[PDB]
Amino acid sequence: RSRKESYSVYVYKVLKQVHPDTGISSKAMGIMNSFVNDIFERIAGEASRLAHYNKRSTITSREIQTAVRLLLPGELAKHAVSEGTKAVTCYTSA
Amino acid sequence: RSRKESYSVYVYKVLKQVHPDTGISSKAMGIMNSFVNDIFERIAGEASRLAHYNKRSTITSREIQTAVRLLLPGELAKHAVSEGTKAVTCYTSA
Amino acid sequence: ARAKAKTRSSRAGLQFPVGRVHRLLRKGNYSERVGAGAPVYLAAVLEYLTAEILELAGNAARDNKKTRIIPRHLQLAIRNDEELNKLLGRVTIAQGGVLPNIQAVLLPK
Amino acid sequence: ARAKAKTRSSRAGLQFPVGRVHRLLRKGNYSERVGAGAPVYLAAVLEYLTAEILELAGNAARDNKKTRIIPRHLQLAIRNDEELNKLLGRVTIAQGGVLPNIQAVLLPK
Amino acid sequence: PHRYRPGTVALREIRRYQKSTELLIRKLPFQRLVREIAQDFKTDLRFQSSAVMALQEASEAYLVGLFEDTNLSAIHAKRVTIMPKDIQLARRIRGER
Amino acid sequence: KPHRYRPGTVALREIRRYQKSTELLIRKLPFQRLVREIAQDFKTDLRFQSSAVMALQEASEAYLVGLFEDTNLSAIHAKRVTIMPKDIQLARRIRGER
Amino acid sequence: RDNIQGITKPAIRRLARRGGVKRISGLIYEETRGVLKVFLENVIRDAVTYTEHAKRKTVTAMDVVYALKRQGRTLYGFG
Amino acid sequence: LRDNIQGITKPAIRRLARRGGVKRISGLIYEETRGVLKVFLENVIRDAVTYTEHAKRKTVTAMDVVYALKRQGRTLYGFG
Amino acid sequence: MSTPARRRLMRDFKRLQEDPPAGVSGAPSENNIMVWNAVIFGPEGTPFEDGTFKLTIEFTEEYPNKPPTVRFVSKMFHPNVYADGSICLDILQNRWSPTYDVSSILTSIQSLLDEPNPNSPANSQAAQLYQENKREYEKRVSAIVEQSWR
Amino acid sequence: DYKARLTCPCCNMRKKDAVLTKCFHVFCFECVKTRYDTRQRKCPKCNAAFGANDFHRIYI
Amino acid sequence: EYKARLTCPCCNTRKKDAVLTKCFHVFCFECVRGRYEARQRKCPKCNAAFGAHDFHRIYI
Amino acid sequence: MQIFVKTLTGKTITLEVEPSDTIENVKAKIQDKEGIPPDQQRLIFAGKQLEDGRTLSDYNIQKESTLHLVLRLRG
DNA sequence: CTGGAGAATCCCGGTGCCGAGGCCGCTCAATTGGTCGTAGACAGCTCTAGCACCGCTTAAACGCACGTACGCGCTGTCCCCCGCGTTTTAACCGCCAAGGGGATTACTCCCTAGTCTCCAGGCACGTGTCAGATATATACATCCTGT
DNA sequence: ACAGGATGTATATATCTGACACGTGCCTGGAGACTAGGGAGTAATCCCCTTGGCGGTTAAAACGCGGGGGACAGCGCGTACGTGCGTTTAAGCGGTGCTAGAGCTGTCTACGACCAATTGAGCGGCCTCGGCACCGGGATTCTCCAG
Ligand SMILES: *[C@@H]1O[C@H](CO)[C@@H](O)[C@H](O)[C@H]1NC(C)=O
Ligand SMILES: [Zn+2]
Ligand SMILES: [Zn+2]
Ligand SMILES: [Zn+2]
Ligand SMILES: [Zn+2]
């Protein structure tokens, strides 16, 4: 009965956000869960390493900025930073 | 005037112990320093990573032993684990 | 009795769970303290990457005349894009297959 | 006025600083709690590895007929030994050079 | 009777196998191999079917990549028939030996 | 009468020489100019530490030496002794840099 | 005992076909079933080390995934 | 600082090849050797400059370069 | 005319001079053609009537491929603009198309003045006033139009 | 008029030599290619998504 | 030449505004519809076969 | 019933709708075939400010009518 | 295949110096000694899932014949690279001069950890249906061999 | 190159079926409000290393020329590998049964975080000397060409 954590609901929401009339198999959902976990782990590890480098003690938006800039290549990095900054400004304005 | 920490003294002591009649240049000392730091980071990261995997919150001799078994290959790992177990047994005895 | 609760994801206009990302950051022991905007930023990035890869996979599946994405479609979507391939250069996808290619030398002529 | 301070390295019969290793393990936020024997074991492993590499480097230097160990000797010691070569296959030693070897095909006949 | 010139059946086999994604090794003998290898380290282990399936997937992916690389080597040598020389060259360059 | 070595002997001699020393085979100042030019494209008015430039140069020479060992293996595999762009491209493709 | 033979010649041939080779030399089979054994040993050693650390007796899919992902060979679709 | 790649000069490339263990060098090697070196330098300098501009400084440092190299899986010893 | 962006700016200015939309105007900067200055008359049928808003814009080299950046110079009160003047535009940050020109941008911002986007709370206070206190909302709009003349 | 009529609208620097199958528009191939590579898989004309197989070279 | 270039060659009187999916040849609307109603899956340039789903309106 | 909706770049997009269809539904169809979210649209007919909660018949929109689709924008 | 010539290499000796190595504060990091909350060891119960077995089907493996396409060796060539002398270039070294930016110190204040509450989004569980796989009759493209 | 027969291969239709997308109960983790304290953002200062310039030496790069050996094309031989057929074989599927142990829950105790006070050893500085690189000369060896 132990609760288990996954991103299936959100992956499905994004799927019907982008393609209104497309399904997704259970194995595909599992692969996407693994992919999201892996990317999260990579970015968090890089951000923690940056914080340790600069002798800081907190992971603010700048560390995630730079970690993304280091991981994602080129246009992916550009678009990701754009939308992430958009989101953070929207949040702080809210 | 900041004080920076290194392992030069201990490297020098072990060098004298193993070869009483040999010196080591400053650049070689720096290389040994970097090597020690690298191995330390590898082993400690692996041990903490095991601790997280097993839902544990305390790094212990067992985690370090498993980490060294995973990192060091073959006879090197066997000798390292023998030395480590001997050291911990002596420490607890004293 | 306090106020109509608004989830942080909604406040930021994202579908990924900002609260869950924040909890994972705190529990994973990545740093002693975690900033306020870090979970928001990370969730936005994850949402973008997921949306991109899902869009490519859906395009591939549609081009294959199917309405259900599967690991084969995911593998094609990844390996046909240079940037996603570079990001995922060292990953194996179960039941993924390979891109169909043959070197020109082997073809008869 | 409690008792003579016997450092843990001496108590365990090692050379490396057990206290320093323990301090680094705590400060590195690798885990929230650190066992007592973990720094001892880690120091033992580090001391063993450094002793091994230094022994090999000293032997190489003596073969070269020098009384000082230098990056060249360290590079030779690391790569000549098979286990150490596997352990450190992705590193670059400054002022290291490479192992003197020539493919037999190049040599004249 | 009808007879294909050598090679065309090979092209058809490549086309069919590069399109499907089933497993190309037999499950029971692969499992027996895995158990035989594992029994050296510690005795009388048990394996989850999912674990053995993951091992198959990883092994097939690794071997397929190795074969792409050794095929590139063989073409480099101005041939079409891969050889152990090609396999060992690929392994050496990728730093596995 | 002039004395000329057979083509190849001095090549082997200088191979033996260079695999014995550990100096830095690229000219330091032009390498520094190249590094500064390359960094020009990411952040103007950048400053460098001499130690940083030396680290870059060491890493680059090590990388090129490894690449050339792999290229030589490729050329030997092709049943010839002269390395060529196709050999370099094969080495990089197999290693996964391309 | 002696179960490496389970990796049969046609299985190797179709693996290589998926790879993209036209014809295969006769000696490839022994070499490739040696390479596979080496790779299996390398992965299984880490998996068994993990499970033995966890005081378990059943190698787990998560254990195999961790072992593989320790070698820069991350595998998706098992956890 | 325009067009300095020629600084990586023919005999220098030949010396590197010799250290690699090469007997004969074709005449076309130099162009793609320049290209490969340039690609490697961009790949490293981009990360180093990213680290630097995150740390809020105008001076690249040996530590930044070492971290960039370690990130790319080619750790370098002897610089800290 | 040196680059596609510059020639596109040339023809955009030509079209603005030849047939500007209703109640809008634009002017470059003497020292930087890439910099733009515009004055807009408030749209009819909305609280923003008789409004004289001053704008400033910045462009880059690959324009016919990216959206520019804009900001107000006069006082602003709008759910789609930040307090400093960071103006929130989809065709300018999310859904840009090269087909758009400066005149299209000006008309689009006039339409935004007409209708704030409900899910675009650049000013939370302005959004709340529009949603609930409509009367106070046109009062504030009239006030900002009043000081927009200066 | 004619030159403007049958030149690529978005750039208006070269000719119409590409078609977008999803909305059946006609732009120039390099515009299409750069927008694809910059991850704007979204038509300029009708603002609609597409893929790598929804546009092809056309001649007029 | 612009009028002659842009008009379909089957008639040379009406503007070419249709594209055939598989072969990508520009023609008119009603000439193509009449030919397809005449059962002829025939292209005047490549003789390629087509079907009811192998054509559609396109506007420049 | 086909209707004409005009953009700001000389394009007219054809929408097949019904008089009873709401402005919100028209904006959703515009999202479907033009990728413009409904909250990111302002539809104007005969100089009138259309509202999402109203229908085409409310504003007296006839066949082949021209609607000026100028967005309400968010960056 | 066997001997001189010459270049390169190797070996021994005197010498200067600058970097390794030893010694003296002293101050901060290690140590020692209680103290207390709790993470982890350990006992017990369960019921999930892996191991083991057996019978039947048949898909896949195994073995054999063949002939042909490709691997491999031998040969001619010519052109592209290597060795070498000479001239030109700029790297290198030493010195000097200016200052922009790295590194440290103090202060404050604004952000974030910690706590209690509650309520709604998300997870376990059910369920009907439509996407997908499969069987079959097509229509059409493709390979091989005679022409 | 062309044509036709044999063999794949694509297409439309009809069918079962089970994985999936929706719906429901409920429950615990995220949101809201509050407080307290310390991490770091900012300002000021010091001076260190970076940049820039200059001039003199000469070591290395650039250029040219001759020639020779090695990459490449060609041709011919043979052998071993793909193709297809007929005969095993054992994988695969189903069903059954048993039981180790993975997972969970409940207790309880050693044990590591934490604080305070004490001190000594490792860091910085500061001399001091010999290991080593170098320059000079003598002895040895590899390679080339003539014999
Ligand atoms: C993303 O953000 C960057 C950062 O300034 C900006 O230049 C770019 O225009 C943005 N792209 C968008 C919003 O698509
Ligand atoms: Zn264009
Ligand atoms: Zn369109
Ligand atoms: Zn026509
Ligand atoms: Zn045609």
# chains A, B, ... in the order shown; residues from 1 in each chain; ligands from 1
>>> residues_around(residues="stretch 32-34 of chain K", least_positions_apart="2", cutoff="10 Å", atoms="only C-alpha atoms (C1' of nucleotides)", output="mmCIF file with N, CA and C atoms, in the first residue's frame")
data_model
loop_
_atom_site.group_PDB
_atom_site.id
_atom_site.type_symbol
_atom_site.label_atom_id
_atom_site.label_comp_id
_atom_site.auth_asym_id
_atom_site.auth_seq_id
_atom_site.Cartn_x
_atom_site.Cartn_y
_atom_site.Cartn_z
ATOM 1 N N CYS K 10 -1.081 22.441 -68.566
ATOM 2 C CA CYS K 10 -2.110 21.613 -69.187
ATOM 3 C C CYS K 10 -3.042 22.452 -70.050
ATOM 4 N N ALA K 18 -2.449 24.286 -57.900
ATOM 5 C CA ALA K 18 -2.563 22.990 -57.248
ATOM 6 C C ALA K 18 -1.243 22.246 -57.366
ATOM 7 N N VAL K 19 -0.953 21.417 -56.365
ATOM 8 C CA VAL K 19 0.277 20.639 -56.312
ATOM 9 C C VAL K 19 -0.087 19.190 -56.027
ATOM 10 N N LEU K 20 0.536 18.268 -56.759
ATOM 11 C CA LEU K 20 0.295 16.843 -56.579
ATOM 12 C C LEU K 20 1.251 16.301 -55.524
ATOM 13 N N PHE K 27 -0.256 22.484 -61.110
ATOM 14 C CA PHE K 27 -1.279 22.529 -62.148
ATOM 15 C C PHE K 27 -2.455 23.353 -61.631
ATOM 16 N N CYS K 28 -3.571 23.299 -62.352
ATOM 17 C CA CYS K 28 -4.768 24.045 -62.007
ATOM 18 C C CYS K 28 -5.701 23.161 -61.182
ATOM 19 N N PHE K 29 -6.873 23.704 -60.849
ATOM 20 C CA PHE K 29 -7.852 22.944 -60.070
ATOM 21 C C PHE K 29 -8.719 22.062 -60.967
ATOM 22 N N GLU K 30 -9.510 22.685 -61.846
ATOM 23 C CA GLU K 30 -10.574 21.941 -62.508
ATOM 24 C C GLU K 30 -10.037 20.996 -63.571
ATOM 25 N N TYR K 36 -9.078 13.406 -63.044
ATOM 26 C CA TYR K 36 -9.295 12.350 -62.061
ATOM 27 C C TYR K 36 -10.694 11.758 -62.170
ATOM 28 N N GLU K 37 -11.704 12.586 -62.447
ATOM 29 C CA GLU K 37 -13.031 12.051 -62.726
ATOM 30 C C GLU K 37 -13.022 11.181 -63.975
ATOM 31 N N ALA K 38 -12.098 11.443 -64.900
ATOM 32 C CA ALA K 38 -11.928 10.637 -66.102
ATOM 33 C C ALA K 38 -11.088 9.386 -65.860
ATOM 34 N N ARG K 39 -10.843 9.037 -64.596
ATOM 35 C CA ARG K 39 -10.232 7.767 -64.217
ATOM 36 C C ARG K 39 -8.733 7.739 -64.509
ATOM 37 N N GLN K 40 -8.200 8.780 -65.145
ATOM 38 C CA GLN K 40 -6.795 8.776 -65.545
ATOM 39 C C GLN K 40 -5.932 9.242 -64.377
ATOM 40 N N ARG K 41 -5.205 8.304 -63.768
ATOM 41 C CA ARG K 41 -4.161 8.629 -62.797
ATOM 42 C C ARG K 41 -2.861 8.834 -63.571
ATOM 43 N N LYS K 42 -2.818 9.933 -64.321
ATOM 44 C CA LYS K 42 -1.738 10.190 -65.262
ATOM 45 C C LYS K 42 -1.220 11.607 -65.075
ATOM 46 N N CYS K 43 0.107 11.735 -64.924
ATOM 47 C CA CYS K 43 0.768 13.028 -64.791
ATOM 48 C C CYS K 43 1.412 13.413 -66.115
ATOM 49 N N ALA K 52 -7.543 10.120 -54.934
ATOM 50 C CA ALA K 52 -8.406 11.188 -54.444
ATOM 51 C C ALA K 52 -7.760 11.993 -53.324
ATOM 52 N N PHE K 55 -3.974 15.302 -53.776
ATOM 53 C CA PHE K 55 -4.034 16.665 -54.280
ATOM 54 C C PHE K 55 -4.801 17.514 -53.281
#
>>> residues_near_ligand(ligand="ligand 1", cutoff="9 Å", atoms="only C-alpha atoms (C1' of nucleotides) and all ligand atoms", output="list in words")
residues 78, 79, 80, 81, 82, 83, 84, 85 and 86 of chain A; 66, 67, 68, 69, 90, 92, 93, 94, 95 and 96 of chain I; 75 of chain L
>>> atom_distance(atom1="atom CA of residue I:120", atom2="atom CA of residue C:46")
22.3 Å
>>> atom_distance(atom1="atom CA of residue I:51", atom2="atom CA of residue L:10")
27.3 Å
>>> interface_residues(of="chain D", to="chain C", cutoff="10 Å", atoms="only C-alpha atoms", output="MDAnalysis selection string")
chainID D and resid 28:32
>>> closest_residue(among="J:55, J:60, J:39, J:6", to="chain C", atoms="only C-alpha atoms")
J:39
>>> closest_residue(among="A:94, A:31, A:24, A:87", to="residue C:40", atoms="only C-alpha atoms")
A:87
>>> residues_around(residues="residue G:30", least_positions_apart="3", cutoff="12 Å", atoms="only C-alpha atoms (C1' of nucleotides)", output="list in words")
residues 83, 84 and 87 of chain E; 4, 5, 7, 8, 9, 12, 25, 26, 27, 33, 34, 35, 36 and 37 of chain G
>>> write_last_selection(atoms="N, CA and C atoms", output="PDB file, in the first residue's frame")
ATOM      1  N   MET E  83      35.666  -8.697 -39.319  1.00  0.00           N
ATOM      2  CA  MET E  83      36.629  -9.680 -38.854  1.00  0.00           C
ATOM      3  C   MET E  83      37.016  -9.385 -37.413  1.00  0.00           C
ATOM      4  N   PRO E  84      37.589 -10.367 -36.717  1.00  0.00           N
ATOM      5  CA  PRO E  84      38.067 -10.098 -35.356  1.00  0.00           C
ATOM      6  C   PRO E  84      39.054  -8.954 -35.296  1.00  0.00           C
ATOM      7  N   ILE E  87      36.812  -6.083 -34.856  1.00  0.00           N
ATOM      8  CA  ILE E  87      36.234  -6.044 -33.513  1.00  0.00           C
ATOM      9  C   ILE E  87      37.247  -5.493 -32.519  1.00  0.00           C
TER      10      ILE E  87
ATOM     11  N   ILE G   4      27.692 -20.463 -22.486  1.00  0.00           N
ATOM     12  CA  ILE G   4      27.962 -19.407 -23.455  1.00  0.00           C
ATOM     13  C   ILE G   4      27.508 -19.836 -24.840  1.00  0.00           C
ATOM     14  N   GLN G   5      27.513 -21.141 -25.113  1.00  0.00           N
ATOM     15  CA  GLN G   5      27.042 -21.632 -26.399  1.00  0.00           C
ATOM     16  C   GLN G   5      25.580 -21.291 -26.635  1.00  0.00           C
ATOM     17  N   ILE G   7      24.296 -18.573 -26.796  1.00  0.00           N
ATOM     18  CA  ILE G   7      24.286 -17.479 -27.754  1.00  0.00           C
ATOM     19  C   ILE G   7      24.627 -18.069 -29.111  1.00  0.00           C
ATOM     20  N   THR G   8      23.600 -18.393 -29.887  1.00  0.00           N
ATOM     21  CA  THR G   8      23.784 -19.211 -31.069  1.00  0.00           C
ATOM     22  C   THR G   8      24.253 -18.379 -32.258  1.00  0.00           C
ATOM     23  N   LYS G   9      24.815 -19.087 -33.234  1.00  0.00           N
ATOM     24  CA  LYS G   9      25.310 -18.428 -34.436  1.00  0.00           C
ATOM     25  C   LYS G   9      24.240 -17.587 -35.107  1.00  0.00           C
ATOM     26  N   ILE G  12      23.668 -14.336 -33.210  1.00  0.00           N
ATOM     27  CA  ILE G  12      24.725 -13.363 -33.463  1.00  0.00           C
ATOM     28  C   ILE G  12      24.564 -12.754 -34.849  1.00  0.00           C
ATOM     29  N   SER G  25      32.401 -12.750 -41.242  1.00  0.00           N
ATOM     30  CA  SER G  25      33.454 -13.749 -41.272  1.00  0.00           C
ATOM     31  C   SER G  25      33.135 -14.887 -40.311  1.00  0.00           C
ATOM     32  N   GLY G  26      33.798 -16.023 -40.528  1.00  0.00           N
ATOM     33  CA  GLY G  26      33.503 -17.211 -39.748  1.00  0.00           C
ATOM     34  C   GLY G  26      34.012 -17.165 -38.323  1.00  0.00           C
ATOM     35  N   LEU G  27      35.012 -16.339 -38.045  1.00  0.00           N
ATOM     36  CA  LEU G  27      35.605 -16.274 -36.718  1.00  0.00           C
ATOM     37  C   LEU G  27      34.919 -15.265 -35.810  1.00  0.00           C
ATOM     38  N   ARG G  33      31.096 -13.711 -28.703  1.00  0.00           N
ATOM     39  CA  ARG G  33      30.610 -14.338 -27.484  1.00  0.00           C
ATOM     40  C   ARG G  33      31.641 -14.307 -26.369  1.00  0.00           C
ATOM     41  N   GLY G  34      32.889 -13.952 -26.666  1.00  0.00           N
ATOM     42  CA  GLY G  34      33.822 -13.622 -25.607  1.00  0.00           C
ATOM     43  C   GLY G  34      33.597 -12.215 -25.087  1.00  0.00           C
ATOM     44  N   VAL G  35      33.377 -11.282 -26.014  1.00  0.00           N
ATOM     45  CA  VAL G  35      33.114  -9.898 -25.627  1.00  0.00           C
ATOM     46  C   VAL G  35      31.862  -9.816 -24.767  1.00  0.00           C
ATOM     47  N   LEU G  36      30.814 -10.534 -25.161  1.00  0.00           N
ATOM     48  CA  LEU G  36      29.581 -10.513 -24.385  1.00  0.00           C
ATOM     49  C   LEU G  36      29.815 -11.048 -22.983  1.00  0.00           C
ATOM     50  N   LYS G  37      30.600 -12.117 -22.857  1.00  0.00           N
ATOM     51  CA  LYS G  37      30.879 -12.653 -21.532  1.00  0.00           C
ATOM     52  C   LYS G  37      31.625 -11.637 -20.685  1.00  0.00           C
TER      53      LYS G  37
END
>>> interface_residues(of="chain H", to="chain B", cutoff="9 Å", atoms="only C-alpha atoms", output="JSON, numbers by chain")
{"H": [76, 77, 78, 79, 80]}
>>> write_last_selection(atoms="C-alpha atoms", output="compact mmCIF listing (two decimals), in the first residue's frame")
# COMPACT_ATOMS: atom_id res chain seq x y z
CA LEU H 76 43.58 17.15 -15.38
CA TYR H 77 46.04 16.83 -12.51
CA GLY H 78 48.69 19.24 -11.31
CA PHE H 79 46.71 22.50 -11.12
CA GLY H 80 44.58 22.03 -7.99
>>> select_by_dssp(residues="chain A", states="strand (DSSP E)", output="list in words")
residues 23, 24, 58 and 59 of chain A
>>> write_last_selection(atoms="N, CA and C atoms", output="compact mmCIF listing (two decimals), in the first residue's frame")
# COMPACT_ATOMS: atom_id res chain seq x y z
N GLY A 23 -2.55 9.35 -27.69
CA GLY A 23 -2.34 8.61 -26.47
C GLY A 23 -0.87 8.35 -26.21
N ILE A 24 -0.61 7.52 -25.21
CA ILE A 24 0.75 7.14 -24.86
C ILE A 24 0.74 5.84 -24.09
N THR A 58 23.23 28.15 -0.57
CA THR A 58 21.87 28.10 -1.07
C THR A 58 21.88 27.92 -2.58
N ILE A 59 20.85 27.25 -3.07
CA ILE A 59 20.68 26.99 -4.50
C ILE A 59 19.59 27.94 -4.99
>>> interface_residues(of="chain M", to="chain G", cutoff="10 Å", atoms="only C-alpha atoms (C1' of nucleotides)", output="mmCIF file with C-alpha atoms (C1' of nucleotides), in the first residue's frame")
data_model
loop_
_atom_site.group_PDB
_atom_site.id
_atom_site.type_symbol
_atom_site.label_atom_id
_atom_site.label_comp_id
_atom_site.auth_asym_id
_atom_site.auth_seq_id
_atom_site.Cartn_x
_atom_site.Cartn_y
_atom_site.Cartn_z
ATOM 1 C "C1'" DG M 50 10.884 -16.780 -7.771
ATOM 2 C "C1'" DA M 60 14.335 -22.110 -34.706
ATOM 3 C "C1'" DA M 61 18.510 -24.315 -34.727
#
>>> residues_near_ligand(ligand="ligand 3", cutoff="7 Å", atoms="only C-alpha atoms (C1' of nucleotides) and all ligand atoms", output="VMD selection string")
chain J and resid 23 to 25 43 to 48
>>> write_last_selection(atoms="N, CA and C atoms", output="short mmCIF file (atom, residue, chain, number, x, y, z; two decimals), in the first residue's frame")
data_model
loop_
_atom_site.label_atom_id
_atom_site.label_comp_id
_atom_site.auth_asym_id
_atom_site.auth_seq_id
_atom_site.Cartn_x
_atom_site.Cartn_y
_atom_site.Cartn_z
N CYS J 23 -0.24 23.21 -43.73
CA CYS J 23 -1.13 24.29 -44.11
C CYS J 23 -1.08 24.60 -45.60
N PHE J 24 -0.19 23.93 -46.34
CA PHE J 24 -0.09 24.10 -47.79
C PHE J 24 0.30 25.53 -48.14
N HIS J 25 1.29 26.06 -47.43
CA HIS J 25 1.85 27.37 -47.72
C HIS J 25 3.09 27.21 -48.58
N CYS J 43 4.30 27.12 -38.08
CA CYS J 43 4.29 27.84 -39.35
C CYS J 43 4.32 29.35 -39.10
N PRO J 44 4.99 30.11 -39.97
CA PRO J 44 4.92 31.57 -39.85
C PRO J 44 3.58 32.12 -40.32
N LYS J 45 2.98 31.47 -41.31
CA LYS J 45 1.83 32.04 -42.00
C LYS J 45 0.55 31.81 -41.20
N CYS J 46 0.18 30.55 -40.99
CA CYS J 46 -0.98 30.20 -40.18
C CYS J 46 -0.62 29.85 -38.75
N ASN J 47 0.65 29.89 -38.38
CA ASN J 47 1.06 29.63 -37.00
C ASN J 47 0.56 28.25 -36.56
N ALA J 48 1.11 27.24 -37.22
CA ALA J 48 0.72 25.86 -36.98
C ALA J 48 1.96 24.98 -37.01
#
>>> select_by_dssp(residues="chain H", states="helix (DSSP H, G or I)", output="PyMOL selection string")
chain H and resi 5-7+10-20+29-54+62-71
>>> residues_near_ligand(ligand="ligand 2", cutoff="12 Å", atoms="only C-alpha atoms (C1' of nucleotides) and all ligand atoms", output="PyMOL selection string")
(chain I and resi 4+64-65+98-99) or (chain J and resi 4+6-19+25-35+44-45)
